[PDB]
Every structure is written in C-alpha cells, then in structure tokens.
Amino acid sequence: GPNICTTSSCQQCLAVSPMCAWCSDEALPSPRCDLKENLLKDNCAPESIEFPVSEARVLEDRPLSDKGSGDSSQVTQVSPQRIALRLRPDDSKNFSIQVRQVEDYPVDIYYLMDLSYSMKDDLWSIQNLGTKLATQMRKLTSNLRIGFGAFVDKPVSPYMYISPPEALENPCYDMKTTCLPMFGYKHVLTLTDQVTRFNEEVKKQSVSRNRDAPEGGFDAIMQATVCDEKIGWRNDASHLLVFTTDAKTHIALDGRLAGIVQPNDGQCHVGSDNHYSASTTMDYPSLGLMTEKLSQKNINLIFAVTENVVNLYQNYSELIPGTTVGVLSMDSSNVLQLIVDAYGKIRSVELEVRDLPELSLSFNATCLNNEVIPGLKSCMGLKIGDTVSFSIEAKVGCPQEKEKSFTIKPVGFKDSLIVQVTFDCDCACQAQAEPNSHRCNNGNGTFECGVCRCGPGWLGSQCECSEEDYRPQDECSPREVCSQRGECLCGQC
Amino acid sequence: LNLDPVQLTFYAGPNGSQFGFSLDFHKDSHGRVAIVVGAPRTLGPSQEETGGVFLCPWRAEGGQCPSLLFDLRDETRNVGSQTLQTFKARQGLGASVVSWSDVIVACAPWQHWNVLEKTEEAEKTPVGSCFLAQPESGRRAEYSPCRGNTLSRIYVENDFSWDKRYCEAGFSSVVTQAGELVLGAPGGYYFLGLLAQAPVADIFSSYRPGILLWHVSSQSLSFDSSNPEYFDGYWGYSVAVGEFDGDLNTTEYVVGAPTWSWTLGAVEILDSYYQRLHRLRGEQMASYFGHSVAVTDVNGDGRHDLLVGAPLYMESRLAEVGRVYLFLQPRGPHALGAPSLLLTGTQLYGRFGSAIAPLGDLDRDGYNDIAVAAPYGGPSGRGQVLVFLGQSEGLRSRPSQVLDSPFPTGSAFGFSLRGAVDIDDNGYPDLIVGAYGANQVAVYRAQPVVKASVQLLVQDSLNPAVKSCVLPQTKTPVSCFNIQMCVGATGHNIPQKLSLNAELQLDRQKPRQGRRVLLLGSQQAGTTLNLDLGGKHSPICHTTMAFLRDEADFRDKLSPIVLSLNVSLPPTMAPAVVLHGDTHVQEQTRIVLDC
Ligand SMILES: *[C@@H]1O[C@H](CO)[C@@H](O[C@@H]2O[C@H](CO)[C@@H](O[C@@H]3O[C@H](CO)[C@@H](O)[C@H](O)[C@@H]3O)[C@H](O)[C@H]2NC(C)=O)[C@H](O)[C@H]1NC(C)=O
Ligand SMILES: *[C@@H]1O[C@H](CO)[C@@H](O)[C@H](O)[C@H]1NC(C)=O
Ligand SMILES: [Ca+2]
Ligand SMILES: [Ca+2]
Ligand SMILES: [Ca+2]
Ligand SMILES: [Ca+2]
Ligand SMILES: [Ca+2]
Ligand SMILES: [Ca+2]
Ligand SMILES: [Mg+2]
C-alpha cells in the first residue's frame, strides 16, 4: 500500500495527513514519512517523533446547580468553563459542553414605555403594576429587581412640534390639555426590588406627543443597554427589557430627515439628569448594532407592541435573535401577563459562538440533557433548570498565532467557557533540526529529523546528489544513489 | 480599474464639517467641468444651523474652495392677514446638489416655513427648498413647491390630506437632459413622499424676489396616496435620471424609498407624468433598499441599467453589511424585475451601497462602469470604494480596484459618489468621493489603459533527430524550430512611453535541470526582453532560436514542449498604465516520432 502521505521534513509529515508520522532518528536515514503503525512495521518502534497532542484537557470545571443558592459561583450553569486544546493542523475534534437554566434565578426587569399621547391612558393601567408584577414573579425568582424608563421620540423639528412657543412647554396645547416637553429617553427608576418605590416613581409621569407614528424606541434600547451602571444591571442576573409601543419606529439613517447623520456609537450618555443627553445629536441605531449590544450585555428584549405593528416588530425578532414579540392590548393592561410569558418563553437554550479566531464548529444535534434525539430537536417543552448537551466539532491548517483562547457564551447566560486552543504543528527535533549533521555532506546538513535539507544540486539522503545529473560514479552502479537516470533505480542497472 | 489611488485630490471645507454630503460635476457650457459640493451644516446668518455650497475648480493640489451663496435670510411677507415667514434653522443647504448647462441646483431640505394668520399659525414646519443659480449669469431662482399658506387648522379639519408642511423638498436633486429639475420630498403628504418637477428655464422665468409664493407654470408634483404601504414611504430619498421606457426623447426619474412598506424598501421608475411604469421592492426588512440609486448602461447594450443601494443589508454570514442590486435592461415584456448581480461588502457595518456612481467607459473598455462605496467599510471601518467594471454580459463581480479611505474612522468616506464625467477629457472618466462630516473631498483620477493582444509563432511539432540546425561552437547537428512572439497594444490614449517586458518559458511545466530545449544565444530556459510597444501601433516580433539536443543526450524527449509567453509591465512613481486583455499565451509544441 503506497498510501497518500508517502506519495519533506518533520513538519510536513505532521501536516499532510492526521495519521502519518516522521521517524525522527539521526542514526538511521524506508517509507520514513508514512503511517505510524507502518513505522513500527519498518522498525520505528521508539517513535522519536513528538506527535501533536490533538486532545482537549480541561483547566476549570464546576458542577451545574439545580435551583441556585444565591452565591456567584454556586449557581453554575455551564460545564466545562476552561479547557485547553492542542489539535494538529487539518484536524477536527468534537467536544461536548453541558448548560443549565439553574431553575430559580434572580431577575432584572426594565420597563420601557412609549410615553406618547396615543397610549397616555395606558400609563394609567401601569400606575398599579409593581404589586401585581411582584406577586406574579415571586413564584419564579428569589431577587427580583425592576426599573422604569420612558421613550417618546427624538425631540427634533420634523417630529417635535416647535411652534407656538407654548408647544415647547406644552405639546398638547391645541387640544386644551397639559403635557410634558418631549424627550428622547429618560431613566425614571433604577433597578430595585422595592415595589413601593416603583409605584411611587410611576404616577409621576407626564406623556408627550410627537408629529408622526414612527417612535424613537430603538435609540432608547441602545442607551438602556449601554448604561449598565446607570440602570444598575447586576453582574450575575437574568436580564430582561420589556419594551411597550403602539406604532412604527425609526431606524438608522432616518436622522437625515431630522438632519442628524452621526450613526449610533457604542457609548453611554445617560447622565445625572437621567435623560438621553445626546438623543438629538445621534442617528437611530441599526438592527445589527441592536443585536450586537443585546447579545454582548446578554440583555434579552421583549416586544409589547400593539396589534397594529406586530408584523413590523416580530420580523425584527428574526433579525435580532434573543427577542420575543407580544400582542399588547390597546389599554395595555395585559403587560403583566406579557412579561410573565416572556420570562416563561425565552428563559425556558440558545447556543451562540463568540470571538472565534481558521476555525469552524458544528453541533451534532445533541441537546436534551445528555442524550441525543435527532427527532426531538426543536421539541422545546423545557420548564426550568434544564441541562442541555452541546457537542461542537471544532475544525481547523496551522494558525500562525500559536497562543489562542476563544470564548463561547450562550444567549443571556453569563456563564462562559474559555478554550485555550493552541494547535501543535512542529516537532521538538524540528526546534533542534541538527543543523550540522556530520554524515550529511561533511558536517553541513541541517538534518531535519530524517532529511538533510541542503544543497542546490547535492540534496540527497546525505546532500550528495539529485534527480538531475542523469547519465550512463560507481556506487549503486557505475552510472548517474548511482544508477541509470538520475540517482538509482534498482533492477534497471 | 485604472483609478489612481496613490495620488488624490483633497478639497477642504468648513470646520463645522458636512462638506461632502452631496456633490456633482458642474459642466460649463464652454466645456469645462468643476466640482460643486454642498456642505449642509455650515454657519448661518448669525452662527445658525444652516447649509451652504462650495464651488471647487478642478485641480490636483486642492485647497479652500469659494462659496456660492443661494439664500440665507428669514424672509417675512404680509399678504393681508397672513404674515408668512421662512426660517433658516437647520435648513441643510447642500444636502442635494445637481448641475446642468451652467445652472446649479442646491437644496436645503430642512428649511422651515410658518404662516401667521392672525392668532392661528401654519406651524414652523420644514417645507424645505431647493435654490437654483447660474453662477456665470448670477441669476438666482429659488424653487420651493412645498412653501404654502394653508393654515394648520385646515389640515387638522378633514383628514390631514395634501399636506406639504414637512415635505422637505430637495432631499435628492436631479436634472434631466432637457434641464427639467426633479426634487424629492420624503416628508410630503404627512411624511409619505412626493416629487417635484419644473423646468429650470421656467423656474427662472416665474421666480420673483421678495414674494414667497408662486406656482411656476405647470410644475409637476407627485400624487398623494392613501395606500398603507406608502405611509412613511420616504419617497424621493434618492433620485436619478435615465432612459428606461420603450420610447426615446423622454427622460425617466428613478426614485428610492428606503422605508417603503414598513422599512422594506422600494425603487420606482417614473415618467414626467408619474405613471409608475416599473417598481421593484427590496428583499430584507430594515435593509434600506433604495438609499442611493444609480442609472447607467454598464453592459454596453445602450439601454440604461439600474443600480440600487441597501447599505443596511444584513448578510447571512445576520451581519450588517450593505448590498448593491444590479438590474440590466432586458428585452422582455415585463422584464427588468429579476436582479442579476448582488454585490456585497466584507467589513461589518460597512454600509455597502450608500453611493453608487455611474462611471461610463472608465477604462475605454467599450462598456460603462460603476463605483460603489461603503462609508464604514475597509480594514478598520474607515470606508472603501469598490470599482466595478462593465466587462459586458453583466458587471465585474470582483472589485477591479479598492480605494481605501485616507480619513480617520467615522468620516463615512464614500457617502456621495459621482462619476460618468471625464474630468481629464481623455476618454478616461474620473471619480469623486465626498462624505458627510468628512470635512474633505477626495478625487480619483483614472489613468490610460493598455490592452495587449499576444500571439505566438512556434512550430507545432518536429522530429527531435531532424539534425538540421548547426551549433556554432560544437558544430553538432540538431533539430530546431521557429519561435516568434507578436504582442500589440490596443485601446485609446495609450501612452507612447510603453515599455512592456515579455518573458518566454520553454518547457514551463518541467523544472530547472528538467528542461529539454535550451536557447542558443543565452543558454537559458527562459528570458525577458524589452518588447516595448511605445510609439507605434505595429507589434514587435523579434524571434529566437533554442536548440534541441540529440536523442542520446537527454531522456525527457517524451515530454511535449511547452512554450508560454507572458507579458508584464516594467517594474520601474505612478505607473500611469494598466495592462489588460491577453497577457499570457501558451501555445504548445508536441513531439512526434514513430510511437
Ligand atoms: C413580515 O415578514 C413577512 C414575511 O416576509 C411579510 O409577509 C410577506 O411579505 C411579502 C412582501 O415583502 C409578500 O410578498 C408579496 O406578496 C404580494 C401579495 O400581497 C405579491 O403581489 C408580491 O409580488 C410579493 O410576492 C408575502 O406575500 C408576505 N407573506 C406573508 C405570509 O405575509 C410581512 O409583510 C412582514 N411584515 C411587515 C412588512 O409588516
Ligand atoms: C424625439 O426625436 C425627435 C426630436 O425631438 C422628435 O421629433 C420625436 O417625436 C421624438 N421621438 C419620440 C418622442 O419618440
Ligand atoms: Ca394607547
Ligand atoms: Ca413618528
Ligand atoms: Ca424615456
Ligand atoms: Ca440593459
Ligand atoms: Ca471603461
Ligand atoms: Ca479623467
Ligand atoms: Mg404612540
């Protein structure tokens, strides 16, 4: 069997095929670069070749919690958490991970309300919500923080009524009513578990009115996500963000209508005034940036949009993984059940890859907890605290950056795994390489663990000849080792 | 393909930026061309939010361009009860610039306008405007269809219908061949979108200074629509002029609605009567299909072709990278609907398709060319222009050239791109890249293109033992063949300093010392010669002679001879030449004797 690996040095035999090895003996120059079992057959039993490790060794792992005591490390959901990988070039290794929903899990919830006139009445149904929300979420939490914030639209000329001057003070002057000066996004109440403070901070809200249907909700979502300290997201909590609105919303580059062109950056600008400081002087955020910042901070999002704009907003869920839509009632008295179902639907497992360096991975439909049922792939049915098995086949050549440790973190859960993947490509003898092998052409051959690697014309087993200089020296035969045409073909002599 | 990146024209603007939001080539009646750039956020009458337009003469070094004033003043006219007035606050003069026959049309889409009818008022709403001016003549004829006196109560009364308070006319300015000016108004009909058409001659005839109202003959405005899909359609976001119907002598307007049908997006072809002959929607929601629209016949068939930009496309890598949809003009009954080429960028958040500039025959290739821009593409999000040639049978799928932003991050290099105008008047159209908030405008000059037509003259086969040729020194009988090479330079404006270098390879597949044939003169299996074509049209054919050794000499006689001639530009500042066409001919010679 001539095989394929037989058909240059230590490195090449470690890269041509996953199975063939390079006998790294400097006492003996056979197939040489062939299968290791064949090398045993051709008497390479010591196997001086240092093969790549090509296996995963863990560095940090903890068992998955069931219900969650409350400590930072006692609510472990993902196992393993730190492994080391040393795959050979052009080699695929599949490794499995176990994830958990930890059942009981402290929750952060921020309620973003469209403070437009059209749902001012809805604000009233929100005045007494903290007690009901706490009652309906106590059964599924142990430390439930809530906060409140309002968005109307960008307070700029094409959207905000600018004359008469009383419209700036009272946008609803013409209907003989009093309202609040329009604002982009304001931080009303920080995250807390105090229902009394929540219902106290509500009832103090004065709605405003905007010229057009498309609201500025996405620009509020951006600042809610980025201002983690201001909103007060915990380092370890199930994050949510309920977002209630009735009409369309502006997207990126719409600000050209308002004349503002600077696209949404990735900074927090909600200052001490608890308002969107740079709402007017920035474009609306793109859907891609929204997905990026909703996945970087694990802040899941819930769409409580009226029946008018469900199709418009549910189609955003497709472009923003990790979000859900809900048919908010006209009176918006059903948002309690909306948040209940939001926590009961998206917290019931999403595996996503992050900061991947020449690599490729694929999960072979393992799921369940540790079993593998391809039939029950999208079966759902998970109540809470479900283990899930995910076996990803990392496929790789030899990356030049030897040191690498990439991170895998699921959607929402902060528990992440670090793979110090450091591909092994070279040989210890390759680091040695025997630059001055005495037997190789009078002590000048860089005998690379079996190959001389020298000479433009003298590049033989001892750097002495080549396929050239073929003609009818007496060694293998008095021709030109030494035979008919070029080095030596046995029998042809 | 031949756009010079190493040398660029840099034009400065105001420290308040916005210099490069929109720009165009002002074609002088005398034949000259100068670049007109709208800076829609320059200083106002008193440090106010306004616009402003600069006129840069075409140059190489660049500098601070002069400013062309159109109108910056809060007018106020008393028509009986109605004391109507204009407000320059954030008008945006320069957000849309288009030039034609000595006239420049520059728009301020967010200019405000309020009519005080005793106690009631029309509200300080952004009706927008677009000011026209002949800089040589000096005549200024400001055009603003959306300026009106209908008080807000009338709007509120029936259904808020036929509104133009916030139309923002001039969000995209174009002018037909005949001079008819076309303006977009995304906010027309209560933020729905309308269009304005009026002859620049008629605009100048009907304009009167001081008065703030007119009708200007039969100016053509778009039809108000009650269709739900058009709500917040943002029609007239981007406009262009081109011929698309079955009849000539008429100019069509292509308009883009990046938010049509709930942010889905659409593009429409209209005649002067606004009959909506064709409309093609987008494919991805919130992808902004129609942000920038271009018209040119890159296929070379004559009939104009459509390019639609969607900078907010989310590629299924769901990576937010823009995309340009291409539509060649077919000869079907209801054709043109299906896209042909879908160009997509690489850098994330690059916004590939914010500026599609027709270029015409950029490289005298016989077909028109385009330049797409991704304002935030590139290695580090600087922004990159991707030049795509005609190439016939469609468009060049790969970027024939990639122009990198020399500006820091966030400059959005490539927001406004214009071409299709030979600034060098050498059959080689140039490109201009302006960007909102860039504070600088870059200009790329095209360079002459040399196509090469290469042929070989080598004996098809021979007996290795012909033994007719004579070695000079050894005096040995050998077989030989005639080797000749002729390469000619085609194209327009080829420079006369051409120094093409031709390299020949005899038995290319065989390696060194594996070679069989061998030159008499140089004793080498391959050489380079200065087959320069500069200063003449006829090809140069200087032959060679390589001997073939006796049968007993070598053993590679079983291998057929490989004769590959490859011509490359000389390696020795700006090359100013682009080799194209055939540049490597590998005509083969086999060995035939008995078996
Ligand atoms: C949310 O996404 C869905 C899925 O794409 C949208 O529904 C689909 O919308 C497309 C338009 O992009 C419809 O295609 C068009 O249908 C009309 C007939 O109404 C036809 O004349 C056109 O040639 C084109 O084929 C498609 O039928 C429709 N399908 C379904 C099942 O709804 C939906 O509109 C999106 N919601 C929005 C935009 O608010
Ligand atoms: C355009 O060509 C001539 C010149 O204007 C004109 O007489 C003719 O009617 C036009 N052709 C059309 C409109 O098809
Ligand atoms: Ca409501
Ligand atoms: Ca609106
Ligand atoms: Ca026409
Ligand atoms: Ca065509
Ligand atoms: Ca061309
Ligand atoms: Ca030119
Ligand atoms: Mg509302």
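We place every Cβ from the backbone using ideal geometry, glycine too, and count neighbours over all the protein chains shown. Every number here is computed from the coordinates shown, using simple stated rules; none is lab data.
Defining a contact as two alpha carbons under 8 Å apart and six or more residues distant in sequence, what relative contact order in percent does the range A:62-115 show?
Numbers: 54 pairs, mean separation 21.6, N = 54.
Averaging sequence separation for qualifying contacts and normalising by length gives 40 percent for the range A:62-115.
Just round it to a whole percent: the fraction of Cα-Cα distances in the range B:380-494 exceeding 25 Å. Could you put the intermediate results ahead of the total?
Details: 3475 of 6555 pairs.
So the portion of pairs separated by more than 25 Å is 53 percent.
How much of the pair distance distribution for the protein assembly as shown lies past 55 Å, counting alpha-carbon pairs only, in percent? Intermediate results must be reported in sequence, preceding the final value.
Numbers: 210491 of 591328 pairs.
Summing the P(r) tail past 55 Å for the protein assembly as shown gives 36 percent.
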Exercise for the section: Would you mind ranking B:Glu180, B:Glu503, A:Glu403 so that the residue whose beta carbon has the fewest other beta carbons within 10 Å leads the list? Expected result: A:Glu403, B:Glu503, B:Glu180
Problem - Normalised convex hull volume, the range A:1-54, alpha-carbon set, Å³ per residue - result: 83 Å³
Exercise for the section: Could you size up the charge dipole of the range A:102-349 around its Cα centre, putting +1 on the beta carbon of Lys and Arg and -1 on that of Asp and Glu, and report it in debye to the nearest 20? Expected result: 340 debye
Handout entry: Descending Cα extents along the principal axes, the range A:109-176, whole Å
Key = 51, 22, 15
Exercise for the section: Name the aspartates and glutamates eligible as straight-distance cross-link partners of B:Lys88: C-alpha to C-alpha under 17 Å, and not fewer than 8 places from it in the same chain. Expected result: B:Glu48, B:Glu49, B:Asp71, B:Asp74, B:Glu75, B:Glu123, B:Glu142, B:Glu168
Exercise for the section: Would you give the gap between the C-alpha center of the range B:72-143 and the C-alpha center of the range B:196-241, rounded to a whole Å? Expected result: 13 Å
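Could you line up A:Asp219, B:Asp582 from fewest to most neighbouring Cβ atoms inside 10 Å?
On the way: A:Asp219 26, B:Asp582 15.
With the fewest neighbours first, A:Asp219, B:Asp582 line up as B:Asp582, A:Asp219.
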Fill in the blank from the handout: Taking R0 as 51 Å and r as the Cβ-Cβ distance between A:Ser389 and B:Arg279, the FRET efficiency 1/(1 + (r/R0)^6), rounded to the nearest 0.05, comes to 0.50
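With only alpha-carbon atoms in the gyration tensor, what are the semi-axes of the equivalent ellipsoid for the range A:102-349, in Å, largest first?
Numbers: eigenvalues 148, 85, 56 Å².
Rounded to whole Å, the semi-axes are 27, 21, 17.
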Exercise for the section: Any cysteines in chain B with zero other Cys Cβ atoms under 4.7 Å from their Cβ? List them, or say none. Expected result: B:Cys595
Handout entry: Radius of gyration, Dmax [the range B:300-403; alpha carbons; angstrom]
Key = 13.8, 46
Exercise for the section: Give, rounded to the nearest 20 debye, the magnitude of the charge dipole that chain B has about its Cα centre when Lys and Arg contribute +1 at Cβ and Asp and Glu contribute -1 at Cβ. Expected result: 1640 debye
Problem - Helix-only CD estimate at 222 nm, as mean residue ellipticity for chain B, using -39500 (n - 2.57) per DSSP H run (n ≥ 4) - result: -500 deg cm²/dmol
Problem - For chain A, radius of gyration divided by Kirkwood radius, i.e. Rg to Rh on alpha-carbons - result: 1.22
Exercise for the section: Just round it to a whole percent: the fraction of Cα-Cα distances in the range B:300-345 exceeding 15 Å. Expected result: 50 percent
Handout entry: Reachable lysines from B:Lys557, criterion Cα separation under 28 angstrom, eight or more residues apart if same chain
Key = B:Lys467, B:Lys475, B:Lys510
Problem - Label-to-label distance, nm, for residues given as B:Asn149 and B:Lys497 (7 Å Cα→Cβ offset) - result: 6.7 nm
Practice task
Could you check the simple spin-label distance between B:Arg139 and B:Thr543, using points 7 Å along Cα→Cβ, in nm with one decimal?
Solution key: 7.2 nm
Handout entry: Alpha-carbon radius of gyration plus Dmax, which is the widest Cα pair, for the range B:165-256 in Å
Key = 13.9, 44
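When the helices in chain A are scored as -39500 (n - 2.57) per DSSP H run of 4 or longer and the sum is shared across all residues, what 222 nm value do you end up with, to the nearest 500 deg cm²/dmol? Kindly include the intermediate steps, with their values, before the conclusion.
Values: 13 runs with 97 residues, N = 493.
After summing the helix terms and dividing by the residues of chain A, the value is -5000 deg cm²/dmol.
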Problem - Cα centroid of the range A:71-109 to Cα centroid of the range B:506-584, whole Å - result: 61 Å
Fill in the blank from the handout: Against the 2.2 N^0.38 Å rule of thumb, the C-alpha Rg of the range B:18-68 sits at a ratio of 1.24
Practice task
Restricting things to alpha carbons, find the Rg to Rh ratio for the range A:48-153 using the Kirkwood radius for Rh.
Solution key: 1.28
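If each residue's Cβ is checked for other Cβ atoms within 10 Å, how do A:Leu40, B:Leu183, B:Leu456 rank with the fewest at the top? Kindly include the intermediate steps, with their values, before the conclusion.
Values: A:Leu40 13, B:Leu183 33, B:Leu456 19.
By the 10 Å Cβ count, ascending, the order reads A:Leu40, B:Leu456, B:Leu183.
Could I get the Rg over Rh figure for the range B:360-412? Both from C-alpha atoms, Rh via Kirkwood, rounded to two places. Spell out each step's value before the answer.
Values: Rg = 12.6 Å, Rh = 11.7 Å.
Rg/Rh for the range B:360-412 comes to 1.08.
How long are the three semi-axes of the equivalent ellipsoid for chain B, computed from the Cα gyration tensor as the root of 5 times each eigenvalue, in whole Å, largest first? Spell out each step's value before the answer.
Values: eigenvalues 752, 111, 76 Å².
Computed over chain B, the values are 61, 24, 19 Å.
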Completion exercise
Rounded to two decimals, the Debye log10 I(q)/I(0) of the range B:80-152 (Cα scatterers, no solvent) at q = 0.17 Å⁻¹ is -0.65
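Compute the semi-axes of the equivalent ellipsoid of the range B:466-595, taking the square root of 5 times each eigenvalue of the Cα gyration tensor, and list them largest first in whole Å. Can you show the working numbers first?
Values: eigenvalues 221, 43, 34 Å².
For the range B:466-595, the ellipsoid semi-axes come out as 33, 15, 13 Å.
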Problem - Label point distance in nm, B:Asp301-B:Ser272, each placed 7 Å from Cα along Cα→Cβ - result: 2.7 nm
